[PDB]
Structure formats: structure tokens, C-alpha cells
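One structure below.
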Amino acid sequence: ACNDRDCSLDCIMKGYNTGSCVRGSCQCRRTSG
């Protein structure tokens with residue numbers, strides 16, 4: 001499931017802060033800089 005539910009959760013654990021479904025995938029994004 002690429003839903004932001006499991007995607008975001010995993011994105012925050014991978015080391016980033018959030019993420020979303022992309023073309024049926026899951027990317028993450030950090031909030032800093």
C-alpha cells in the first residue's frame with residue numbers, strides 16, 4: 001500500500017520527516033535547510 005499512512009510512517013522512521021505515494025510508490029521528504 002503506497003498510501004501516505006504506511007508510506008509516511010516508514011518515511012519518518014527511515015530518517016526523514018514525511019512522505020507520500022508516488023506513481024504507486026513511496027517517497028520521503030525532510031523539513032530542514
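By convention in this document, the chains of the C-alpha cells carry letters A, B, ... by their order, each chain's residues are numbered from 1, and ligands are numbered from 1 in the order they are shown.
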
Exercise. From a DSSP calculation on the backbone, collect every residue of chain A in strand (DSSP E or B) and output the set as a list in words.
Key: residues 18, 19, 20, 21, 22, 25, 26, 27, 28 and 29 of chain A

How would the residues just picked look written out with C-alpha atoms as a PDB file, in the first residue's frame?
ATOM      1  CA  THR A  18       7.261  12.724   5.931  1.00  0.00           C
ATOM      2  CA  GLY A  19       6.442  11.175   2.531  1.00  0.00           C
ATOM      3  CA  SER A  20       3.569  10.259   0.178  1.00  0.00           C
ATOM      4  CA  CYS A  21       2.542   7.841  -2.601  1.00  0.00           C
ATOM      5  CA  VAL A  22       4.265   8.462  -5.959  1.00  0.00           C
ATOM      6  CA  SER A  25       5.365   4.170  -4.754  1.00  0.00           C
ATOM      7  CA  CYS A  26       6.516   5.868  -1.529  1.00  0.00           C
ATOM      8  CA  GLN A  27       8.986   8.772  -1.270  1.00  0.00           C
ATOM      9  CA  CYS A  28      10.091  10.740   1.816  1.00  0.00           C
ATOM     10  CA  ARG A  29      10.903  14.430   2.404  1.00  0.00           C
TER      11      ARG A  29
END

Practice problem: Enumerate, as a ChimeraX atom specification, the complete set of residues in chain A that a backbone-based DSSP assignment places in alpha helix (DSSP H). | Solution: /A:4-14

Quiz prompt | Atom pair CA of residue 1 in chain A / CA of residue 31 in chain A: separation (Å) | solution = 23.8 Å

Quiz item: How many Å separate CA of residue 24 in chain A from CA of residue 8 in chain A?
Solution: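 Those two atoms sit 13.7 Å apart.
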